[PDB]
Amino acid sequence: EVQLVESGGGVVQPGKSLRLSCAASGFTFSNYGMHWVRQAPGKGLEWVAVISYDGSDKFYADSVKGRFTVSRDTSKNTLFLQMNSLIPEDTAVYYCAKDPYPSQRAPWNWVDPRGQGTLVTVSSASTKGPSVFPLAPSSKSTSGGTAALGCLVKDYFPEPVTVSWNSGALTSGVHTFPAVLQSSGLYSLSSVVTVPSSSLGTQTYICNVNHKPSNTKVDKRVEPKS
Amino acid sequence: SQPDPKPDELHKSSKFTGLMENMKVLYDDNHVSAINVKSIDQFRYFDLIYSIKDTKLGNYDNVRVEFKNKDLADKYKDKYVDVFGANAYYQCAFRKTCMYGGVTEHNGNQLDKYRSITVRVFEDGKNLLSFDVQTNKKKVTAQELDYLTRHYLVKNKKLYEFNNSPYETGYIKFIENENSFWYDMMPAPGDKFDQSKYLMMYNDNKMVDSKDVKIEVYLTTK
Amino acid sequence: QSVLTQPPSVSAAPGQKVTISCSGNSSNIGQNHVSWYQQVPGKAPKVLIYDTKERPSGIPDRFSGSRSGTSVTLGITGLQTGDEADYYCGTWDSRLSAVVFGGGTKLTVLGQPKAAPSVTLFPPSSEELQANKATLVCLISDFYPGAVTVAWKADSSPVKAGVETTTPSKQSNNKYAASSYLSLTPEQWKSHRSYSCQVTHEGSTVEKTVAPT
């Protein structure tokens, strides 16, 4: 049975280089062309490169041409991808795929990925604690008997951040959302709780934010505006 | 230049009710090959007898090569040749075996390195895959290229199976400088397959230059 | 966006059947046979169909492929919950000398009624404005199936700069949540009458609006 095992991925600064490896077994390696395909988080498949069974053909996607090179070593049964001048847009899980049949030339109308892939993350971000801003309840818009208030947890790295409300005494109606990764390389997240509008004057609401990697632990009071 | 197949001209595998294995065995591993051999006998006027030994792995020690006419047999009778073809064990008259054509002059016909020829395969009008075959002859018979192409297709795309074929029709086309010819890859309709009559299409000993020959395979599904 | 074009999402109940279309150019699909790949959430892609109709070993005959001109179609009958995945068509492009994929189609096997999103939009806080920054927070929750698109408006005109949106993620109740953030300078925030967050789901739209005053 054919097995492909990708490796070599990791965190890389923009402009730096990384070399990926794909160890192949279960078939005659030198008889088959090989492909690299990548997938950015939450996005679609994108073909990267192909090297023919004999190594004479090497084709690249336009987004990686001049920066990536496919290489191949028969003796160690390994496919390589040398990545230079890496950019944040190169962040993806990289999968290797084998030609279905021996001695193929273009067109390659399908590929056979069999591995779990290897993750490469190109980011210049460093450990940073978040700023915590209150999302205050609506001032006059008492649109019913209930009101929404929250906390904006802004510009932190890396994951994760935990949010509770009123030191855990308030759990009903709390929705903490998954974080967004901004173009800056930093994360932002929001937590919202729905509370009776009549209790805004009396009850105090505090969001408890913990970001252990940066030793940041903040209890932010959220109060109505005006 | 041979006209391309007309509609309904190609043999349909569904109209052949015999065993497709009889077609398949012609393009499996067991093929006849010999390098730098000279004919030793002559059964008829248009054939040549060769002493080809493959007694270790093959199972035929004398082979009769039949040509289209007396001129072809005369051309190669006293010359040292290379032989490559698909063999018909069925029955001729002449253990023993028979074939058609597949004979090329040995002297001056070898290259230093194997030359690759890319076969382009189409299915229902759209290209399916492309793959390489290899030869070290400057001049190669169309039969040798046809065998190499179909042997790959049998092994990799199940071109022929024991009972049927997954493809309704198929022809292989050779192109040499805006001049082309083709062979039907499917057996004739009926419940019997005459291997000798089918392989007779090779008896013209047709040759192409390996440098600039192009091979295309057109297949259709049911 | 994507060289090959397929619908963003499709859905049906278990036991029903669906089709996913895939269309291209004379350079890729009008020339070549096409293959399909399925990717179960959080797992690796694998070949589902090749040669436009052939199934690799292990793929049941519930999956089928077909061709109509410059477009190809993947068919799934007897839908099972395990079929919930992203589906990609692929083929060679002779103009680009590359294998090209569609943008992918998210297939949902319906296990509950469809639910329109609930949207909450927060204006920039006073504290952030005093820090000379401004973020609009659009929180989207309780929608099913989990496929949405978000558009922002300044007054009545589209704004695309400064928009960061999460991919939808499954909540505990099997509905989905997402959030979109619009970054503004405090001057832009104060300058316009209003800003709007508009969420599109299953061909229908929900929109919230906030104003500086």
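Going down the list, the sequences are from chains A, B and C.
Every letter in the first sequence is one number past the one before it in our numbering, and letter 29, counting from 1, is 29.
Quick note, our numbering runs 226 ahead of the 1-based positions in the second sequence.
Quick note, our numbering runs 448 ahead of the 1-based positions in the third sequence.
Note that CB positions come from ideal geometry on N, CA and C, so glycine has one too.
Assignment of residue 199 of chain A by DSSP, reduced to helix, strand and coil, places it in the helix class. Where residue 69 of chain A is concerned, the enclosing beta strand (DSSP E) starts and stops at 68 to 73. Looking only at B/272, B/303 and B/314, the smallest Cα-Cα distance to residue 295 of chain B is reached by B/272. Listed as beta-bridge partners of residue 502 of chain C by DSSP are C/498.
Nearest Cα to residue 382 of chain B within the set B/232, B/347, B/323 and B/246: B/347.
Within the same chain, and ignoring the five residues on either side of residue 213 of chain A in sequence, the residues whose Cβ sits closer than 7 Å to its Cβ are 127 and 158. Assigned with DSSP and collapsed to three states, residue 168 of chain A falls in helix.
Within the segment 347 to 363 of chain B, 349, 350, 352, 353, 354 and 355 place their CB atoms closer than 9 Å to a CB of chain C, listed in sequence order.
Here the alpha carbon of residue 537 of chain C sits roughly 14 Å from the alpha carbon of residue 524 of chain C. Using a 10 angstroms sphere on the CB of residue 279 of chain B, the tally of other CB atoms stays under 16, which defines it as exposed. Assignment of residue 135 of chain A by DSSP, reduced to helix, strand and coil, places it in the strand class.
Taking 3 residues as the shortest admissible run, the segment 238 to 313 of chain B contains the following complete beta strand (DSSP E) segments, listed from N- to C-terminal end: 258 to 263, 273 to 276, 288 to 292 and 307 to 311. Take the alpha-carbon of residue 308 of chain B and the one of residue 33 of chain A: they are about 32 Å apart.
For residue 449 of chain C, no chain B residue has a Cβ inside 9 Å of its Cβ, as the nearest lies near 25 Å away. Among the residues facing chain C, residue 79 of chain A is not included, as its CB has no counterpart in that chain under 7 Å away.
Residues of the segment 12 to 35 of chain A with a Cβ closer than 8 Å to any Cβ of chain B: none.
The C-alpha of residue 602 of chain C lies about 31 Å from the C-alpha of residue 129 of chain A. Annotated three-state conformation of residue 523 of chain C is strand, per DSSP.
Nearest Cα to residue 300 of chain B within the set B/288, B/320 and B/327: B/327. Assigned with DSSP and collapsed to three states, residue 576 of chain C falls in helix. Taking a C-beta distance under 7 Å as the contact criterion, residue 237 of chain B and residue 368 of chain B do not qualify as a contact pair.
Annotation for residue 380 of chain B: the continuous alpha helix (DSSP H) segment containing it runs 368 to 383.
Scanning A/111, A/178 and A/170 for the CA closest to the CA of residue 196 of chain A turns up A/170. Residue 270 of chain B and residue 241 of chain B have their C-alpha atoms spaced approximately 35 Å apart. Taking 9 Å as the cut-off between beta carbons, the residues of the segment 106 to 131 of chain A near chain C are 106, 107, 108, 109, 110, 111, 112, 113, 114, 115, 116, 117 and 131, in sequence order. Selection B/350, B/267 and B/345 evaluated against residue 401 of chain B yields B/345 as nearest (Cα-Cα). Note on geometry: alpha-carbon atoms of residue 373 of chain B and residue 62 of chain A lie some 39 Å from one another.
At a cut-off of 7 Å, the C-beta of residue 165 of chain A has no neighbouring C-beta in chain C.
The beta carbon of residue 572 of chain C is closer than 8 Å to those of 581, 582, 583, 584, 632, 634 and 637 in its chain, skipping five residues each way along the sequence. Against chain B, the CB of residue 103 of chain A has a partner CB under 7 Å away; the residue lies at that interface. Neighbours of residue 344 of chain B in chain A, taken as residues whose beta carbon is under 8 Å from its own, are 105 in chain order. When the alpha-carbon of residue 478 of chain C is set against those of C/495, C/516, C/646 and C/553, the nearest one is in C/516.
Linking residue 504 of chain C to residue 511 of chain C through their CA atoms gives a straight-line distance of about 11 Å.
Short of 6 Å from the beta carbon of residue 244 of chain B, and not among the five residues preceding or following it, lie these beta carbons of its own chain, in chain order: 417, 418 and 419. Assignment of residue 531 of chain C by DSSP, reduced to helix, strand and coil, places it in the helix class.
Shortest Cα-Cα distance from residue 70 of chain A to any of A/140, A/184 and A/47 involves A/47.
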